[PDB]
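Chemist: Just so you know, the sequences run in chain order A and B.
Residues 21 to 345, 350 to 1115 (the authors' numbering) are what the first sequence spells out, left to right.
Start counting the second sequence at 1; every next residue gets the next number (the authors' numbering).
Sharing a structure, written as structure tokens. Questions coming.
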Amino acid sequence: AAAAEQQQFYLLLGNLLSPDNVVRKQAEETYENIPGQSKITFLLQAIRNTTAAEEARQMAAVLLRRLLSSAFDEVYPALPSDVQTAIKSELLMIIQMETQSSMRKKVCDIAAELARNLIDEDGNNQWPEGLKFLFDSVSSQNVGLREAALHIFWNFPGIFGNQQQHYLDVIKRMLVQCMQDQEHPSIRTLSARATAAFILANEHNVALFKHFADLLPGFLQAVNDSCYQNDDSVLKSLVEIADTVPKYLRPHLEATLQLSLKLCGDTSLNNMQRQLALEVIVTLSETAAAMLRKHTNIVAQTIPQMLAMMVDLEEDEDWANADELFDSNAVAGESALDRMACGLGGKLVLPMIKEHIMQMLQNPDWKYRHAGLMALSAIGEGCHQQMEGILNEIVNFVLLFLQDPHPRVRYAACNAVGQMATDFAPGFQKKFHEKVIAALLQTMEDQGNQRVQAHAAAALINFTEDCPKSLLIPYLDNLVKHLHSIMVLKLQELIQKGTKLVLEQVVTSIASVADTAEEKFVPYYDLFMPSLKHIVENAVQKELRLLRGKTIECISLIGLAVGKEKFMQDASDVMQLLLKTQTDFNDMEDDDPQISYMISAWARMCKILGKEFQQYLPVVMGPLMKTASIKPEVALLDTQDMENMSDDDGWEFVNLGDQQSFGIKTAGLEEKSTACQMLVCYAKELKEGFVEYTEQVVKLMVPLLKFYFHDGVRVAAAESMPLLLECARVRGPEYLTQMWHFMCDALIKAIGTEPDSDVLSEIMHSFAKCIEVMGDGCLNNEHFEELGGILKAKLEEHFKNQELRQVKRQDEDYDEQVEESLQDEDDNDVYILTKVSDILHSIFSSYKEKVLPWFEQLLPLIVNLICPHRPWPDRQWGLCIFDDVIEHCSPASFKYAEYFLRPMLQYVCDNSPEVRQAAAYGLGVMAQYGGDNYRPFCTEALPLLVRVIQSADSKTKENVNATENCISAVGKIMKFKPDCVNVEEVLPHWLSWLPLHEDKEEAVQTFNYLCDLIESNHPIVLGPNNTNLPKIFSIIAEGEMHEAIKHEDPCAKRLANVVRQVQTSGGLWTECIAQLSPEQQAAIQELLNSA
Amino acid sequence: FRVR
Ligand code: NI
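Structure (structure tokens):
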């Protein structure tokens, strides 16, 4: 039947439109089960039926696009090419017969997507009929057909695989003429949206931006026209242009900047439009600030634009009671100001805003004084280096606004003070502790105005948070006595009515003071502990949920500061509070508030208790695992489906290309990260104590190495890998291999794919640390082959990026601030080279000589770092990599000496102390582990090392570690290869270079050799008649510089046995001691008592 | 961190 299934289709379509959920959750299910192969000629006919309801045709056309955007490989293939080429030409007819521009836009969204899936097969599009449709429609003198063609080209820009060779210059013709179509303004607006979509699609193509530069003047005119007609469709296009491809705007940047300034400045347009115009400029200050820095004339005019939006405040009747949680011009301008001060810098921005803030602070408008203090708070981050100098003047002036006749201004002043305490730390704390603490305490007390009193407490938390413990301790008795007073009075008020806004902040403020005060808080423990314990038993209501969590945080931070001993007095009564509040927080299953407060409070109890925490592990691990495993809700919607989910606010969407989009529920993403970081804490603190949880935590963490939604989670997952192996170690190597098996492949894939550099460096360090955990036999041949390719690629990229950054310099818009970014990029690339050297070090240390054939693939790249014209960090790290080959892969290391030995010998004399140290080290391990093949080179190296050691300034803070390493290398030459040196002659000089105390490893080595020399059958080192024995007392006296580790090392006992044996020779002992300074004399006593 |  053909006529029977068409009449019943209209009622089913309207059924899934009724306002009640009864038939709504019954008519949608019947629709989906229908075969998709038949849904084509059934649903397109409901749009063609123009005599049917206009709201049913809106739904039929929206439903037809979704079946093409989501499903395609099951519906279109294997269907007859009679009905294949019939849905192509019938869809084209609907657009020609459409009178309503609403439906014309819905059916054009179906013309594209169909065009998109056919074209996206191989490259060449299987629908040349869709292409002819646009050239003939844009050329047809019909406005509707012209508009339909521009909509298909906006939706799917680039319906061609061979556009470049010929159809490219005709696209310019089409849009240039459409932007000149004065007779109609919507056709001009549609081609501006198309021009932008086309330029965005053709990203990276710098030859195409240069060719289409001629479209930017007409494009800017199209935003200037559309905006005054309530259309922020073309303005969004420009913001997208400035964000993704700002260099396209370079030819007419002044015109772009002037227009964006005009739209924003024009009071007449709506808030959404003016804010978007500001956003063009703000985005350019992040994306292309080097270009924007040249148009100072425009950035100067933008400053009062943001300031005028910041003074667009509503006089909220009953502000002092309610809670303010942000779309307004006052928030938009303020945020834009922060972002632009950060983007362009304080050198250019502070001079432009300085006099404007003084005109707003010194004004009777209140809205102006409030805007002034919020502008001061905003510019702080980006201009703080330039704001110091006037800082004492700024602070003393801002402190007067706390006594302002307007409570909202007293609140913005609180914000200014609190934000400066963060932006200018710790200089702020050292300079204004007396004035700021005193003024904030007074605002927290003599206000009788909840919001201002709460904000002053919040500013005080910011102040104490970044305050050095050093200068907080004198203010303890005063601040503590004042905080206790406010806590006890605001606790009575919680009981009278239910006011808690200030009390929440007082509690957190106490916690901040306690945490910073550490051990110095114990004399004030009894003054708050029973008051806070009383609060967590009181605050059980859903209104007080935050007040209870903040009190638990305060309680756990107080016990953590005083330490396990002082806390043991009220520990039992307080651990039961947490046990009871865990079942109270869990019996009302939710997410977001008390979760992170509880997780962190239990973890603080584990640091306090240590090995006694074990009993609480099943009660804390269960809930911790649940929030650490939250799978966030991800959606793959299309078109403008970010309007119905805008009310959520936390549901963030990243608009992907080709109309599709990606959405993610940000709820609990920070809770997941907190929990993952907590699991890392439990693993580290407990070690052996965590074995029961190691397998399930390992199973949880491995997939989180690929959790690209939150960097903090990935870092926690990466950090936990060696720590979990460290825990599991207690069960033996068979369980260790079972754990390492889950990790290995995933850790290696992560290194090869990781986007972020700092997250990559944790994964790379983590992988190296796991290799150390049980090296040799810990790697598959597939893994070695994969790792080889990954490290070789990472090395290839290191040098490639060196050339790229050079090409970034030698660009029209190159300045000192772009050089600062290139140097940051270089610093990151170097830190990745250190982690390449780290992964390499652990493979060498564990596999030894065996792995040199594998390493030959990286050999040309490692040699490439040790080249003479490379930057010093390359030569430093390449030498470090060869030092691990000499130390861990000798004597086979010598086959490869033609790659490192001669440059390493030469480099001992390098201008860079980091290079000198790496070279000196290699020569020391050459004598110790190298073997007989290096013997001639040990005889040769000696005067090179002694020339560095003996030169002046060898012991500068800059060159100590290099000189010490040279001293220790000379030492290793003496001890391990004494046929290559006349040890009997260099020993007096060697002795004079002692002691070592900066390089702790080399201090151990040198001292261990000195002990062999003193303990030897015929010392030589003592001097005839023990003449230089008192000098050995001065060397051993350091000592003072923590060189020889008092208990830990065997040489510590050895050195004290060599010294205490002297005590039995009266005159010799007193001679050696009488010529030691009283500081040195105590260092000998200190050693003798502990070794 | 320091190094060589
Ligand atoms: Ni394996």
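Just so you know, even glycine gets a beta-carbon here, dropped at the ideal spot from N, CA and C.
What span of residues does the beta strand (DSSP E) with A:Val678 cover, start to end?
Modeler: Translated into the one-based positions of the first sequence, residue 678 of chain A becomes position 654. A:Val678 -> beta strand (DSSP E) spans 675-678.
Chemist: Is it buried or exposed for A:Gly522, if we count other Cβ within 10 angstroms and need 16 for buried?
Modeler: What you label residue 522 of chain A is simply residue 498 of the first sequence in a count that begins at 1. By the neighbour-count rule (16 or more Cβ atoms within 10 Å), A:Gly522 is not buried but exposed.
Chemist: By the 10 Å Cβ neighbour count, where 16 or more other Cβ atoms means buried, how is A:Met117 classified, buried or exposed?
Modeler: One-based indexing of the first sequence puts residue 117 of chain A at position 97. By the neighbour-count rule (16 or more Cβ atoms within 10 Å), A:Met117 is not buried but exposed.
Chemist: A:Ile688 bridges to which residues according to DSSP?
Modeler: In the first sequence, the residue the question calls residue 688 of chain A occupies position 664. A:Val658, A:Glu676.
Chemist: Identify which residue in A:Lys282, A:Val1082, A:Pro1019, A:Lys454 has its Cα closest to the Cα of A:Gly995.
Modeler: Translated into positions along the first sequence, residue 995 of chain A becomes position 971. Checked all of A:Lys282, A:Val1082, A:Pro1019, A:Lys454; the closest Cα to A:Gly995 is A:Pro1019.
Chemist: Tell me whether the beta-carbon of A:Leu556 lies closer than 9 Å to the beta-carbon of A:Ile534.
Modeler: Along the first sequence, read from residue 1 onward, the residue named residue 556 of chain A stands at position 532. Along the first sequence, read from residue 1 onward, the residue named residue 534 of chain A stands at position 510. Going by C-beta atoms, A:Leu556 is nearer than 9 Å to A:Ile534.
Chemist: Just to make sure I have the definition right: I need the residues of chain B whose C-beta is within less than 9 Å of the C-beta of A:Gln941. Which are they?
Modeler: The count along the first sequence starts at 1 and reaches residue 941 of chain A at position 917. Within 9 Å Cβ-Cβ: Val3, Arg4.
Chemist: What's the C-alpha gap between A:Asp850 and A:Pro779?
Modeler: One-based indexing of the first sequence puts residue 850 of chain A at position 826. One-based indexing of the first sequence puts residue 779 of chain A at position 755. Taking the straight line from one Cα to the other gives about 16 Å.
Chemist: Assign A:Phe218 to one of three DSSP states: helix, strand, or coil.
Modeler: One-based indexing of the first sequence puts residue 218 of chain A at position 198. Helix at A:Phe218.
Chemist: Between A:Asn805 and the ligand NI, is the CB less than 8 Å from at least one heavy atom?
Modeler: The residue labelled residue 805 of chain A in the question sits at position 781 within the first sequence. No, Cβ of A:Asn805 sits at least 8 Å from all heavy atoms of the ligand NI.
Chemist: Using CA coordinates, which residue listed in A:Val737, A:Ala365, A:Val1005, A:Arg569 is at the minimum distance from A:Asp782?
Modeler: The sequence position of residue 782 of chain A within the first sequence is 758, counting from 1. Nearest of A:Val737, A:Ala365, A:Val1005, A:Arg569 to A:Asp782, Cα basis: A:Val737.
Chemist: Taking 9 Å as the threshold (beta carbon to beta carbon), is A:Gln184 in contact with chain B?
Modeler: As a first step, residue 184 of chain A is located in the first sequence; it is residue number 164 there, counting from the start. Not closer than 9 Å to any Cβ of chain B, the Cβ of A:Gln184 fails to qualify, so no.
Chemist: Secondary structure at residue 349 of chain A, three-state DSSP: helix, strand or coil?
Modeler: Coordinates for residue 349 of chain A are absent; the numbering of chain A skips from 345 straight to 350.
Chemist: Does the ligand NI have a heavy atom nearer than 8 Å to the CB of A:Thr540?
Modeler: Numbered from 1 along the first sequence, position 516 holds the residue referred to as residue 540 of chain A. No; taking the cut-off as 8 Å, the Cβ of A:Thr540 has no heavy atom of the ligand NI nearer than that.
Chemist: I need the straight-line Cα distance from A:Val526 to A:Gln477, nearest angstrom please.
Modeler: Along the first sequence, read from residue 1 onward, the residue named residue 526 of chain A stands at position 502. Along the first sequence, read from residue 1 onward, the residue named residue 477 of chain A stands at position 453. C-alpha separation (whole angstroms): 6 Å.
Chemist: Which runs of the alpha helix (DSSP H) fall wholly inside the region 42-129 of chain A and span at least 4 residues, in chain order?
Modeler: DSSP runs (the alpha helix (DSSP H)) wholly in the region 42-129 of chain A: 59-63, 65-68, 74-89, 101-117.
Chemist: With 7 Å as the C-beta to C-beta threshold (strictly closer), list the residues of the region 900-915 of chain A near chain B in chain order.
Modeler: Against chain B - using a Cβ distance shorter than 7 Å - the residues of the region 900-915 of chain A are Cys904, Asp907.
Chemist: What is the residue span of the alpha helix (DSSP H) that A:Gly442 lies within?
Modeler: As a working mapping, residue 442 of chain A is identified with position 418 in the first sequence. Its alpha helix (DSSP H) spans residues 431-447.
Chemist: Any idea what DSSP makes of A:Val331, helix, strand or coil?
Modeler: Position 311 of the first sequence, counted from the start, is the residue given in the question as residue 331 of chain A. Coil.
Chemist: Note down, in chain order, every chain B residue with its Cβ under 9 Å from the Cβ of A:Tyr871.
Modeler: Sequence index remark: in the first sequence, residue 871 of chain A carries index 847 (1-based). Ordered by position in chain B, no residue passes the 9 Å Cβ test against A:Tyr871, which lies about 20 Å from the chain.
Chemist: Which ranges would you report for the alpha helix (DSSP H) in the region 370-417 of chain A if only whole runs of at least 4 residues count?
Modeler: Fully enclosed alpha helix (DSSP H) runs of 4 or longer: 370-385, 391-411.
Chemist: Counting pairs of beta carbons, one from the region 1056-1070 of chain A and one from the region 1096-1108 of chain A, are three or more of them closer than 8 Å?
Modeler: Verdict: yes, contact present.
Chemist: Give the residues of chain B in contact with A:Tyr945, contact being defined as C-beta atoms less than 8 Å apart.
Modeler: Locating residue 945 of chain A in the first sequence gives position 921, where the first residue counts as 1. Result: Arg4.
Chemist: Let me see if you follow: with CB-CB separation under 9 Å, is A:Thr858 close to chain B or not?
Modeler: Locating residue 858 of chain A in the first sequence gives position 834, counting from the first residue. Cβ-Cβ to chain B under 9 Å: yes for A:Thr858.
Chemist: With a threshold of 8 Å (Cβ to nearest heavy atom), would A:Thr1030 be considered close to the ligand NI?
Modeler: For the purposes of this step, residue 1030 of chain A is taken as the residue at position 1006 of the first sequence. Because no heavy atom of the ligand NI lies under 8 Å away, the Cβ of A:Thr1030 does not count as near it: no.
Chemist: Using 8 Å for Cβ pairs, my map puts A:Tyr931 next to A:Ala921. What's the rounded Cβ distance?
Modeler: Sequence index remark: in the first sequence, residue 931 of chain A carries index 907 (1-based). Sequence index remark: in the first sequence, residue 921 of chain A carries index 897 (1-based). Not a contact, Cβ separation roughly 14 Å.
Chemist: Under three-state DSSP, which class holds A:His893?
Modeler: By one-based count along the first sequence, residue 893 of chain A stands at place 869. Of the three classes helix, strand and coil, the one that applies to A:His893 here is coil, per DSSP.
Chemist: Can you give me the C-alpha to C-alpha distance between A:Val1010 and A:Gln834, rounded to a whole angstrom?
Modeler: Working through the first sequence from its first residue, we reach residue 1010 of chain A at position 986. Working through the first sequence from its first residue, we reach residue 834 of chain A at position 810. Using only the alpha carbons, I get a separation of about 53 Å.
Chemist: Skipping 5 residues on each side, what residues in its chain have a beta carbon closer than 8 Å to that of A:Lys1070?
Modeler: Along the first sequence, one-based indexing puts residue 1070 of chain A at 1046. So the qualifying residues of the chain are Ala1076, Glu1110, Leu1111, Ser1114, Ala1115.
Chemist: Tell whether a beta-carbon distance below 9 Å holds between A:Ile905 and A:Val860.
Modeler: The count along the first sequence starts at 1 and reaches residue 905 of chain A at position 881. The count along the first sequence starts at 1 and reaches residue 860 of chain A at position 836. Against a cut-off of 9 Å, the Cβ pair of A:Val860 and A:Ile905 comes out as a contact.
Chemist: Helix, strand or coil for A:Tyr706, going by three-state DSSP, please let me know.
Modeler: Taking the first sequence and counting its residues from 1, one reaches residue 706 of chain A at position 682. Helix, per DSSP.
Chemist: Anyone know if the C-beta pair for A:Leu111 and A:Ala76 falls short of 9 Å?
Modeler: Within the first sequence, numbered from 1, the residue matching residue 111 of chain A stands at position 91. Within the first sequence, numbered from 1, the residue matching residue 76 of chain A stands at position 56. Not a contact, by the Cβ cut-off of 9 Å.
Chemist: For A:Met612, count neighbouring Cβ atoms within 10 angstroms of its own Cβ and tell me buried if that reaches 16, exposed if not.
Modeler: For the purposes of this step, residue 612 of chain A is taken as residue 588 along the first sequence, with counting starting at 1. That one is exposed.
Chemist: Decide if A:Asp862 is buried, meaning its Cβ has at least 16 other Cβ atoms within 10 Å, or exposed.
Modeler: Stepping through the first sequence from its first residue, residue 862 of chain A is reached at position 838. Buried is the call here.
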